[PDB]
Structures are given as C-alpha cells and as structure tokens.
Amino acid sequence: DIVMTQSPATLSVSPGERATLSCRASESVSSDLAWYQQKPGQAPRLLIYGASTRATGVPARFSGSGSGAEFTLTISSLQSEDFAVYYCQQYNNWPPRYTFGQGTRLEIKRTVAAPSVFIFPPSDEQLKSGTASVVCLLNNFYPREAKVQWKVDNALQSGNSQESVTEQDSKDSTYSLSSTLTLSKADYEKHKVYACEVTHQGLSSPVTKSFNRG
C-alpha cells in the first residue's frame, strides 16, 4: 500500500509566523493529494485538494504545493484558529485504496513556564471502598514535555500509574497533566510517604510533592 509520512510529528510556531508542513509518499501519487485540518472533538476539514487547490471557505494564507511523492502545506501567518492537527491524504490509486499520513500537530510556541505541582491523597470514601487513588497535578506548564515519577517510601514505582494531558489552553497556551497512582487499600496502608517527582525544563531541579498517610 501507499504509505504517507508527515513531518514533523509536532510543529511549534509563534503566533503570526509562518508554518511549513511536509507530506511524503512511498511512491508517486501525482497530484492526487489533499490536506485536512482537525481540531479536538471535531471532524476533519478539507483545506486543499489536487495538491494545490484551496477548498471553498479556506483563507488565502493556506497554500499547498508539490507533486509526485513530496508535498508541502504552508500557512503564511498563523492565526489562533489555525493551531490544530493536519493530515495529508493520497487518492491516486485504482482500485481505490486511499491512505492518510499520521498527522502533524501544530501547537503554539510560547515561553517556558514551569508547572505548579499539587498532590491529592485518596479520599476516605474511596478508601472505604477498598481502593486508593493518588493524584499528582501539574498545572499550566509549557512546553508539553514533562517527567513524573512516583516514589513510595523512596521506592521508585512502575506500572501502577496513568497520565492524562489536556489540550493546549486557548488563553495562555499552557498544558496541564495528571498522574494517578492506584493501589489497593491493603497495599496503600503498607507504606508511609507518597511522593510524585516532577522534571520539567521550567524547573532548575526536580520538584517533589508528598504526604505521609495519616
């Protein structure tokens, strides 16, 4: 099958500046190439088809070029509503076996902002049900990349936590992240100090937030 590859995976661009997105095909698809924009929770939106033709309702600042196996989408000056994920699609083959690239996420480049870190012990009500969830919150940081590690009695934890990250904030362009450590009530009561250690470009040294059970 025809494999479509986009680069980079993530593009960080300051508001009002130019963005250039790349799409490569594993073989020639001529000019049968479309570009789509997709925002979180919405359907994709057609921007460009035939490699360079703007669809109706698409502003002139969007421009597609290329042919064969190499294509580019250029956004001349990024507006707030242009930050989104972009996909390329080839539709050159017959019988039809159309394929999409894996997307380029275009996000807002801002100055580095360290996270504010908070820790939440399990509630008494959840403890009553036999489970202990411990929540570590990293609030309003940039860039998105962060490292969170759980230590219980200074023992490094593995395989008992899950992270979730918000979409980029529409007002301040930051991200937030939760890490949740889950153990049974029994295991929870077998240890003393619960700590999440946060590593981030905005921090000189790793930040630790902790509590002792009870």
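Sequential numbering from 1, following the sequence displayed.
188-196 and 18-26 differ in mean CA B-factor, and the higher of the two is recorded for 188-196. Higher average CA B factor: 119-127, of the stretches 83-91 and 119-127. The PDB entry assigns its highest CA temperature factor, among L78, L137, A132, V112, to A132.
Annotation for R45, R54, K151, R61: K151 ranks highest, by Cα B-factor. For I2, the recorded CA B-factor ranks within the middle third of the chain. Only modelled residues enter the ranking. For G66, the recorded CA B-factor ranks within the middle third of the chain. Only modelled residues enter the ranking.
Among the modelled residues of the chain, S31 sits in the middle third by CA temperature factor in this PDB entry.
Sorting the modelled residues of the chain by their CA temperature factor places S178 in the lowest third.
Ranked within its chain, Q162 lands in the middle third, by CA B factor from the PDB record.
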